[PDB]
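Given next are two forms of a protein chain, the same chain in both, each as structure tokens and marked structure 1 or structure 2.
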Structure 1
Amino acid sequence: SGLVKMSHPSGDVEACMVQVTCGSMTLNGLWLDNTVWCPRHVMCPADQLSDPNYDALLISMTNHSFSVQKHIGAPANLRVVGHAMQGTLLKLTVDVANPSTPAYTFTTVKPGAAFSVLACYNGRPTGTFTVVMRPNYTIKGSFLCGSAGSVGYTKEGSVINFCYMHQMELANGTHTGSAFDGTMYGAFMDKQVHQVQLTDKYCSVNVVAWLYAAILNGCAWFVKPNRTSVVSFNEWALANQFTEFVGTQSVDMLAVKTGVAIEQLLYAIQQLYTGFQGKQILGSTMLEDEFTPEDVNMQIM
């Protein structure tokens, strides 16, 4: 009954991690059914990562180019019987179906949404943590060299939604990766040139959730009777580095649980961005946008 960074139990997804090796290069892959997903830059030699030619590289491969070992749990015999390139991912086909494939889906996450990351090295889970997809389509993770192919996901019921496969580091503590459709979040290129990122923003709905959590724990000094409408807050947001606020039923439950209307918190957010004055809020003298409405509902029940 505090507000902490919380991840899904990782057991489910650990049972799907494998190591993919191609020549002298190695990284992680995700083994679902008869498929192993991994980043395509496993085909690329270190010196050529500046300007790879993936179309060339793909051609020069046979199935015997790809080596897949399973280290965690039950071992280890995966023969690659096919290989395809899908955007910034490779799609390897293997002769054995993962007996431990969860019920799963492949939905792309949106800015502000949270997901769990299983950080792996050489096909071995080493740690798990949770992030939110930034409005500029980066995440703030904890990745060293060799973590490519680490998997990000969410869990509703026993259905895993795989939403992220790690690719690269754009700057200090700034990362991105692929959705399992093969597209890179934020359209960054999987080559090692410096690329510019768009400006970041506060996730408005996540700040509202956080303010609700502060109220639910007795910190409500910022609540006034004043209101800003959603439509009016969103005009303001455009020019002050906040995202468009979009209401959800998860926000609505917090409004009911506390007696404070969304529009009062939208007004407070406008004030708090001018300054906290004193003044702390679970505090912190700055806005928190890394907890979702769902986060706050499940941890402060």
Structure 2
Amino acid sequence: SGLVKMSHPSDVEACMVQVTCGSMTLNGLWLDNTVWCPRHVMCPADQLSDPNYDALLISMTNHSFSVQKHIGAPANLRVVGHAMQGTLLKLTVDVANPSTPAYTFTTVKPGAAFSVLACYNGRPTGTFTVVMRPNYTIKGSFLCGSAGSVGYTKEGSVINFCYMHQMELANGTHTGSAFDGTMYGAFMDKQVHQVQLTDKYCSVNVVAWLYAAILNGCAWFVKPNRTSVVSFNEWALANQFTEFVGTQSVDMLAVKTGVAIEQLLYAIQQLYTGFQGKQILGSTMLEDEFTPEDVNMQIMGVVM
């Protein structure tokens, strides 16, 4: 038993490289004959407020990009093509990464969790799990040099790459791109004022976490009282919570505990006004980064 922040084992390490363009360096992801990296690797430090990426791109040649693998079997790769796709570069290299995993590209939705491999100078340093916030940021831990760090989920041994790190928006607040090149939240990859929409508690994840708590012998907050999903969602609009949408993963926790979703919706309304000195799974505030899927896996060993 127990519930902790858990990340995937980090297949992904053997794909990380360093990409250098003139005076700038960051991380890239080497999949088959493609190295993906952020397009701001092209931008001099003094132009990050107003880059003209179209012009920067035209000024580059294949020779402008230096790609190196430091980790595992080392290597220097030759760039034989370059293109810009949204906020990313797609560099073609002349060696296919022999450690390329089975993979897909996905775009995650608010409330969904993924693992991040934080890297600097093409060297992985750490891993942690985040949730895509309702305002299309993540709350991570990243310093200068981390751009090109990637975020992923798994399904079996398929890695689903969903995030490539770009920038910090505010203290402990981060964003990046999907591998189609779009930035989450349509933030702009430059140093300009943007400000995020307001963050919200992810209701379905708070429910998951309360189920985890019940399953771990912590059920003091459960009462007979119920609040409907409809009425909860009305309240949620006024109190900085997302709209609750149930799933089969949530229904499995309800079946296993015999505690209805609507009892936890009521519990949430009450706990938001205070925990009255008590704690839930070590916390005295609501936790909304454990998904129903995560709870089902950690507590039951159950995937589907």
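Heads up, when I say rigid core I mean the largest set of C-alphas that superpose within 1.5 Å between the two forms. Here, residue number means position along structure 1's sequence, counting from 1.
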Are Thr154 and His71 part of the same rigid unit, between structures 1 and 2?
yes
Look at the chain as two rigid parts and give the angle between structures 1 and 2 through which the smaller one rotates, in °.
10
Once you lay the two forms on top of each other by their rigid core, how far has the C-alpha of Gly278 moved between structures 1 and 2, in Å?
4.7
Please report, in Å, how much the Cα atom of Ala268 moves between structures 1 and 2 when the rigid core is superposed.
2.3
If the rigid core is lined up, how many Å does the C-alpha atom of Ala113 shift between structures 1 and 2?
0.5
